[PDB]
>>> print(open('run08.pdb').read())   # PDB, C-alpha atoms
ATOM      1  CA  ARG A   1       0.000   0.000   0.000  1.00  0.00           C
ATOM      2  CA  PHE A   2       1.136   3.532  -0.838  1.00  0.00           C
ATOM      3  CA  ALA A   3       0.311   6.760   0.977  1.00  0.00           C
ATOM      4  CA  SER A   4      -1.334   9.826  -0.534  1.00  0.00           C
ATOM      5  CA  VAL A   5       0.599  12.836  -1.799  1.00  0.00           C
ATOM      6  CA  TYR A   6      -0.233  15.063   1.184  1.00  0.00           C
ATOM      7  CA  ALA A   7       0.676  12.323   3.701  1.00  0.00           C
ATOM      8  CA  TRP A   8       3.952  11.116   2.219  1.00  0.00           C
ATOM      9  CA  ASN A   9       5.861   8.807   4.563  1.00  0.00           C
ATOM     10  CA  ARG A  10       9.611   9.080   5.134  1.00  0.00           C
ATOM     11  CA  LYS A  11      11.825   6.021   5.623  1.00  0.00           C
ATOM     12  CA  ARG A  12      15.339   6.015   7.090  1.00  0.00           C
ATOM     13  CA  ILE A  13      17.939   3.595   5.699  1.00  0.00           C
ATOM     14  CA  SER A  14      21.269   3.326   7.502  1.00  0.00           C
ATOM     15  CA  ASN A  15      23.924   0.895   8.748  1.00  0.00           C
ATOM     16  CA  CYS A  16      24.120  -1.330   5.673  1.00  0.00           C
ATOM     17  CA  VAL A  17      25.901  -1.803   2.347  1.00  0.00           C
ATOM     18  CA  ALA A  18      23.942  -0.470  -0.633  1.00  0.00           C
ATOM     19  CA  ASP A  19      24.312  -1.813  -4.176  1.00  0.00           C
ATOM     20  CA  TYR A  20      22.522   0.278  -6.796  1.00  0.00           C
ATOM     21  CA  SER A  21      22.727  -2.270  -9.639  1.00  0.00           C
ATOM     22  CA  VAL A  22      19.977  -4.462  -8.128  1.00  0.00           C
ATOM     23  CA  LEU A  23      17.254  -1.788  -7.956  1.00  0.00           C
ATOM     24  CA  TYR A  24      16.593  -2.036 -11.708  1.00  0.00           C
ATOM     25  CA  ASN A  25      15.207  -5.575 -11.411  1.00  0.00           C
ATOM     26  CA  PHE A  26      12.593  -4.554  -8.821  1.00  0.00           C
ATOM     27  CA  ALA A  27      10.641  -2.169 -11.083  1.00  0.00           C
ATOM     28  CA  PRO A  28      10.128  -1.848 -14.875  1.00  0.00           C
ATOM     29  CA  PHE A  29      11.384   1.732 -15.138  1.00  0.00           C
ATOM     30  CA  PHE A  30      13.740   2.947 -17.859  1.00  0.00           C
ATOM     31  CA  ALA A  31      14.350   6.701 -17.450  1.00  0.00           C
ATOM     32  CA  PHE A  32      15.850   7.090 -13.946  1.00  0.00           C
ATOM     33  CA  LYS A  33      16.638  10.755 -14.543  1.00  0.00           C
ATOM     34  CA  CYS A  34      19.000  11.931 -11.811  1.00  0.00           C
ATOM     35  CA  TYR A  35      20.056  15.422 -10.760  1.00  0.00           C
ATOM     36  CA  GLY A  36      23.122  15.747  -8.549  1.00  0.00           C
ATOM     37  CA  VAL A  37      25.108  12.594  -9.300  1.00  0.00           C
ATOM     38  CA  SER A  38      25.358  10.152 -12.187  1.00  0.00           C
ATOM     39  CA  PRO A  39      23.534   6.836 -11.588  1.00  0.00           C
ATOM     40  CA  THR A  40      26.404   5.019 -13.329  1.00  0.00           C
ATOM     41  CA  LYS A  41      28.797   5.377 -10.384  1.00  0.00           C
ATOM     42  CA  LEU A  42      26.566   5.604  -7.306  1.00  0.00           C
ATOM     43  CA  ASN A  43      28.369   2.542  -5.897  1.00  0.00           C
ATOM     44  CA  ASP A  44      31.661   4.365  -5.190  1.00  0.00           C
ATOM     45  CA  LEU A  45      30.381   7.086  -2.826  1.00  0.00           C
ATOM     46  CA  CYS A  46      29.833   6.809   0.928  1.00  0.00           C
ATOM     47  CA  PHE A  47      26.727   8.695   2.032  1.00  0.00           C
ATOM     48  CA  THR A  48      25.559   9.546   5.560  1.00  0.00           C
ATOM     49  CA  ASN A  49      21.966   8.286   5.306  1.00  0.00           C
TER      50      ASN A  49
ATOM     51  CA  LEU B   1      35.509  13.395 -11.554  1.00  0.00           C
ATOM     52  CA  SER B   2      34.072  10.991  -8.970  1.00  0.00           C
ATOM     53  CA  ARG B   3      30.493  12.325  -9.056  1.00  0.00           C
ATOM     54  CA  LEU B   4      29.647  13.043 -12.724  1.00  0.00           C
ATOM     55  CA  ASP B   5      29.904  10.971 -15.890  1.00  0.00           C
ATOM     56  CA  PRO B   6      32.230  12.104 -18.729  1.00  0.00           C
ATOM     57  CA  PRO B   7      29.745  13.740 -21.137  1.00  0.00           C
ATOM     58  CA  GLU B   8      28.826  16.390 -18.547  1.00  0.00           C
ATOM     59  CA  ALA B   9      31.993  16.246 -16.427  1.00  0.00           C
ATOM     60  CA  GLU B  10      33.909  17.621 -19.414  1.00  0.00           C
ATOM     61  CA  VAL B  11      31.499  20.572 -19.464  1.00  0.00           C
ATOM     62  CA  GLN B  12      31.795  21.047 -15.694  1.00  0.00           C
ATOM     63  CA  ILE B  13      35.600  21.116 -15.654  1.00  0.00           C
ATOM     64  CA  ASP B  14      35.685  23.389 -18.711  1.00  0.00           C
ATOM     65  CA  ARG B  15      34.065  26.179 -16.678  1.00  0.00           C
ATOM     66  CA  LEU B  16      37.033  26.113 -14.267  1.00  0.00           C
ATOM     67  CA  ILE B  17      39.859  26.156 -16.827  1.00  0.00           C
ATOM     68  CA  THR B  18      38.730  29.422 -18.424  1.00  0.00           C
ATOM     69  CA  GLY B  19      38.275  31.124 -15.059  1.00  0.00           C
ATOM     70  CA  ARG B  20      41.679  30.007 -13.807  1.00  0.00           C
ATOM     71  CA  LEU B  21      43.363  31.124 -17.037  1.00  0.00           C
ATOM     72  CA  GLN B  22      41.686  34.530 -16.766  1.00  0.00           C
ATOM     73  CA  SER B  23      42.815  34.790 -13.138  1.00  0.00           C
ATOM     74  CA  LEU B  24      46.389  33.851 -14.081  1.00  0.00           C
ATOM     75  CA  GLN B  25      46.648  36.289 -17.000  1.00  0.00           C
ATOM     76  CA  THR B  26      45.909  39.379 -14.887  1.00  0.00           C
ATOM     77  CA  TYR B  27      48.883  38.597 -12.636  1.00  0.00           C
ATOM     78  CA  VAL B  28      51.410  38.730 -15.476  1.00  0.00           C
ATOM     79  CA  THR B  29      49.568  41.706 -16.988  1.00  0.00           C
ATOM     80  CA  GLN B  30      50.119  43.732 -13.810  1.00  0.00           C
ATOM     81  CA  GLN B  31      53.667  42.432 -13.327  1.00  0.00           C
ATOM     82  CA  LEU B  32      54.546  43.688 -16.816  1.00  0.00           C
ATOM     83  CA  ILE B  33      53.618  47.232 -15.719  1.00  0.00           C
ATOM     84  CA  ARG B  34      55.287  47.070 -12.310  1.00  0.00           C
ATOM     85  CA  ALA B  35      58.451  45.889 -14.078  1.00  0.00           C
ATOM     86  CA  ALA B  36      58.367  48.907 -16.402  1.00  0.00           C
ATOM     87  CA  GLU B  37      57.974  51.283 -13.458  1.00  0.00           C
ATOM     88  CA  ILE B  38      60.869  49.602 -11.634  1.00  0.00           C
ATOM     89  CA  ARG B  39      62.993  49.842 -14.791  1.00  0.00           C
ATOM     90  CA  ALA B  40      62.326  53.580 -15.003  1.00  0.00           C
ATOM     91  CA  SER B  41      63.273  53.984 -11.336  1.00  0.00           C
ATOM     92  CA  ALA B  42      66.465  51.961 -11.864  1.00  0.00           C
ATOM     93  CA  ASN B  43      67.432  54.128 -14.843  1.00  0.00           C
ATOM     94  CA  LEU B  44      66.904  57.233 -12.708  1.00  0.00           C
ATOM     95  CA  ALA B  45      69.042  55.731  -9.935  1.00  0.00           C
ATOM     96  CA  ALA B  46      71.843  54.872 -12.370  1.00  0.00           C
ATOM     97  CA  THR B  47      71.813  58.394 -13.814  1.00  0.00           C
ATOM     98  CA  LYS B  48      71.891  59.898 -10.315  1.00  0.00           C
ATOM     99  CA  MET B  49      74.817  57.658  -9.352  1.00  0.00           C
TER     100      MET B  49
END
>>> encode(input="run08.pdb", output="structure tokens")
Amino acid sequence: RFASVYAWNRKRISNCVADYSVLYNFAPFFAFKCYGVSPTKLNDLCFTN
Amino acid sequence: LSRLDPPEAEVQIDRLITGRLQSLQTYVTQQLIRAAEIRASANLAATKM
């Protein structure tokens, strides 16, 4: 189930290893337009959360 | 380099090269005038000697 636009729910993800090459298989999207960082090399940057 | 893919990283780093070249050129431009003033002063000092 998904929440409405006015009651968007925020989820916190931390303390784990993230691989961004497995998120394509979970949804049939093709655009994945991204703003601040290239999706090609998201796997070589350490975030905070 | 580590956050953007080549086809836009080349554009991003191009905006720094021009600015740094323009900043570097003014230094030698002003040094070329200070050198002329110092040369005139040195000629005056030699004549006075």
>>> atom_distance(input="run08.pdb", atom1="atom CA of residue A:47", atom2="atom CA of residue A:14")
9.4 Å
>>> residues_around(input="run08.pdb", residues="residue A:39", least_positions_apart="2", cutoff="10 Å", atoms="all atoms listed in the file", output="count of residues only")
14
>>> atom_distance(input="run08.pdb", atom1="atom CA of residue B:32", atom2="atom CA of residue B:20")
19.0 Å
>>> atom_distance(input="run08.pdb", atom1="atom CA of residue A:3", atom2="atom CA of residue A:27")
18.2 Å
>>> closest_residue(input="run08.pdb", among="A:25, A:49, A:9, A:40", to="chain B", atoms="only C-alpha atoms")
A:40
>>> axis_aligned_box(input="run08.pdb", around="stretch 20-30 of chain A", padding_each_side="8 Å", output="JSON")
{"center_x": 16.4, "center_y": -1.3, "center_z": -12.3, "size_x": 28.6, "size_y": 24.5, "size_z": 27.1}
>>> closest_residue(input="run08.pdb", among="B:2, B:43, B:12, B:23", to="residue A:38", atoms="all atoms listed in the file")
B:2
